[PDB]
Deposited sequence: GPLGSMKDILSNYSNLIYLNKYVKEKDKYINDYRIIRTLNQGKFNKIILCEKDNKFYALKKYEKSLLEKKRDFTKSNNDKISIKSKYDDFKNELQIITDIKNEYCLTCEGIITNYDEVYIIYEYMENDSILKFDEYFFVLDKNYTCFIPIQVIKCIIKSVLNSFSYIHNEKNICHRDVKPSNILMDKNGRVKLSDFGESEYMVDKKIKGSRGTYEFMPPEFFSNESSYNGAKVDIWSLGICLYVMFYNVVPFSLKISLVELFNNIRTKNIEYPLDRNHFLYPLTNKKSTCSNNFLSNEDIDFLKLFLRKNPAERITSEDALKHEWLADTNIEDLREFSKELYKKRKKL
């Protein structure tokens, strides 16, 4: 149960670098990585775009002294209350990051620390996330409202599935937070699963839940079960990601107030119209039977009836996948970002 000190966790890491910040002229460095701008601030960590050798990198900053103060209740097994700081959570996130090595997952290239401040060195995925959220999901702009073409979606889904194969099957890790935010894309254009901050190791293929992002949580979480199968949880979440990719919106879980949310998921049936339906009125093409055939296999309420990562991978939908679809999109999308 109890993980040790950070030192004990990183005691087996082979590329642990000693923290050295410094300032040369108007520029701020972290071990030769020049600080450009912060790409995204998640208020448990920030992600920093950096430069070293005419190459771009992305360095996830964590801070022990800031994280150990944030302390929520968890309630133990034994009546007597237990407390867990968000730093405890990071201890587990480290261990995980420390052993992800995969071409479909975001793998770190080295960890920089002084045992308080941590910087995790990742490759820079020039196209940020799969989609960006602001009152709704969009590709590039709020004024330009484009839908990711289906021929390209396939790749994205195929690519993440492969990630799933590695974390579930090779590593025995459940992601527990599959989200457009965490599905990252470069210019070339590969797609890699990232962010392991809710991830944990499975026990006989299962997890102990009520943790992640509410609209991406499976119906199981709303039964009297305590152990849910980890793989299928990730799969459901990918289903939501697909739904989001389809109609650029969250399913029945349309935010506003969240009792409506938690009371719907477990029993309410998902409506499957044609792309712009949900998105028409905050502005004032579409899809086929086969498209929904695949998404429904993902979003089945009973998880045992829900499609495996195995069956999904070898399905008729992804049979006609072409990486040239993802390549052109990613290369063109990158062209539009450069000066935006």
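J.: Would you mind checking the deposited sequence against the model and listing the stretches with no C-alpha coordinates?
T.: That stretch is 285-292, the only one.
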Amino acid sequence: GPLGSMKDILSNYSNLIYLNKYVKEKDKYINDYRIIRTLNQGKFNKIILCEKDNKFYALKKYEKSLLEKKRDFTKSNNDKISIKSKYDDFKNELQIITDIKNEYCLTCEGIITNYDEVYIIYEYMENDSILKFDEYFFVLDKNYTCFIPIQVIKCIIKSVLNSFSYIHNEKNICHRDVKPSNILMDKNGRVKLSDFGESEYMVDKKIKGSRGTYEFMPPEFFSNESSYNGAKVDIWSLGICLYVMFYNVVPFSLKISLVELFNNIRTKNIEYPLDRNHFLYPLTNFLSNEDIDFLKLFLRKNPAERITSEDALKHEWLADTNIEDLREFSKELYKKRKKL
From here on, numbers count along this sequence of modelled residues.
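J.: Would you mind comparing 68-76 and 96-104 for me and telling me which has the higher average C-alpha temperature factor in the entry?
T.: According to the PDB entry, the answer is 68-76.
J.: Tell me which stretch, 32-40 or 272-280, has the higher mean Cα B-factor listed in the entry.
T.: Comparing averages over the C-alpha atoms only gives 272-280.
J.: Using the temperature factors in the entry, find which of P180, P251, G239, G197 has the highest value at its Cα atom.
T.: Most elevated C-alpha B-factor of the set, per the entry: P251.
J.: What third of its chain, lowest, middle or highest, does the C-alpha temperature factor of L318 fall into?
T.: As the PDB entry reports it, the C-alpha B-factor of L318 lands in the middle third of its chain.
J.: Which third of the chain does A231 land in by C-alpha B-factor: lowest, middle or highest?
T.: Within its chain, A231 is a lowest-third residue by C-alpha B-factor, going by the deposited values.
J.: Sort the modelled residues of this chain by their C-alpha B factor and say whether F138 lands in the lowest, middle or highest third.
T.: Tercile = middle for this residue's CA B-factor.
J.: Using the B-factors in the PDB entry, rank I9's C-alpha atom against the chain and give the third, lowest, middle or highest.
T.: Its C-alpha B-factor, which the entry lists for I9, ranks in the highest third among residues of this chain.
J.: Would you check the entry's CA temperature factor for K24 and let me know if it's in the chain's lowest, middle or highest third?
T.: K24: CA B-factor falls in the middle third of its chain.
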